[PDB]
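This document starts with one chain, in the form deposited in one PDB entry, laid out as structure tokens.
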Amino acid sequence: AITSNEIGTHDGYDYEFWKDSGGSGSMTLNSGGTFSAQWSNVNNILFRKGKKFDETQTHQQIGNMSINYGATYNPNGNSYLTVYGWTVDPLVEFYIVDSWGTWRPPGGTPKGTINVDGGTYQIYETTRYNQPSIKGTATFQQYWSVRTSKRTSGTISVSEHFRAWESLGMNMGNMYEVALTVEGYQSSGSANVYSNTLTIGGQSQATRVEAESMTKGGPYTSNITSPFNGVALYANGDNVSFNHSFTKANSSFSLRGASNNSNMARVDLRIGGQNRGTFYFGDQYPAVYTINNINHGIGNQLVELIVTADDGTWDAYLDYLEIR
């Protein structure tokens, strides 16, 4: 078990144990986003699993965020069960609190409400003066959404809170972290986060682009009508390409194609000149090969479908490419 301040990556999730002096804590990391925690007589303790970012992109540039979770939550004293994180430039510590122990945070006057995820959240902005932060001892704003009533499972549509805060004038910087978190303050407690799944890029409109409508390049690329209307790529350098306006940062690419024969045909996906994966057509029979989870960023960028491993034993036939 973890009993001192630590950061790392555990089954794909960025985890952190943080406390100040006084009392004790214990964190056990389990699979996926899951973990349990226990604390006594602390000053301040945070246990969390989520994702850290490199401080270079807004939540809009990263994509949609949503957390689905469930927890057994047994605080004895002041405590939060919350999504938590930070932004920089400006430096902001933020919370989407679904449950709490003896006190409902954060005090003061609400700036707004949001009804989302079957619940209602009051929205607040506070100030922390000379307190611990990712940038050392500092003075920074806190942004909050706090459920009107307690729950300990469900889905938190993080990006919706973020938009609500920004629409009330609570400006967000480049992202540093989002994570499901158990906080304790001058308390004791235990929690078992038995479910916690953070999804980036989830659905908030497919585009289909016929191969024959794209630009041809290389020595032989040519149109075909069998086994479908499309194009054939016969030799290394044969490719079809088009510019596309990516309005979100992540996509799946689904290419309908086939080999001309029983040998396996390979077609590389390039975005802005960079190899992002290979589509495999094992057969002469039209099939839809999907390369999912490509993080390419928002922008107008060149999509290429290109053959590079031809040796004269197969050709690739392409019907269409769909981007979702």
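Note that residue numbering follows the sequence shown and begins at 1. Shifts are known only where both forms have a C-alpha. Rigid core here is just the name for the largest C-alpha set that superposes within 1.5 Å across the two forms.
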Quiz item: According to the PDB entry, how many deposited residues between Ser204 and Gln205 are absent from the model (none, 1 to 3, 4 to 9, 10 or more)?
Solution: 1 to 3
Practice problem: Tell me which of 97 to 105 and 249 to 257 has the higher mean C-alpha B-factor in the deposited entry. | Solution: 97 to 105
Quiz item: Given the B-factors recorded for C-alpha atoms, which segment has the greater mean, 110 to 118 or 88 to 96?
Solution: 110 to 118
Practice problem: Divide the modelled residues of the chain into thirds by Cα B-factor and specify which third, lowest, middle or highest, holds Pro132. | Solution: lowest
Quiz item: Considering only modelled residues of the same chain, in which third does the CA B-factor of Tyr73 rank: lowest, middle or highest?
Solution: highest
Practice problem: Could you say whether, by C-alpha temperature factor, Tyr185 belongs to the lowest, middle or highest third of its chain? | Solution: middle
Quiz item: Hey, what third does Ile123 fall into on Cα B-factor, ranked over its chain?
Solution: highest
Self-check item: Third of the chain's Cα B-factor distribution that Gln60 belongs to, per the entry
Solution: highest
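The discussion below concerns the form deposited in another entry, not included here.
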Self-check item: Which one of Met175, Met214, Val158, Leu81, by Cα shift of 2 Å or more between this form and the one not shown, core superposed
Solution: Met214
Practice problem: Superpose on the rigid core, then tell me if the C-alpha of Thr102 is displaced by 2 angstroms or more between this form and the one not shown. | Solution: no
Quiz item: Cα of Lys248 displaced 2 Å or more between this form and the one not shown, core superposed?
Solution: yes
Exercise. Superpose the two forms on their rigid core, then report whether the C-alpha of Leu29 is displaced by 2 angstroms or more between this form and the one not shown.
Key: no
Practice problem: Only counting residues present in both forms, give the runs of 3 or more in a row whose C-alpha shift is 2 Å or more between this form and the one not shown, core aligned. | Solution: 206 to 324
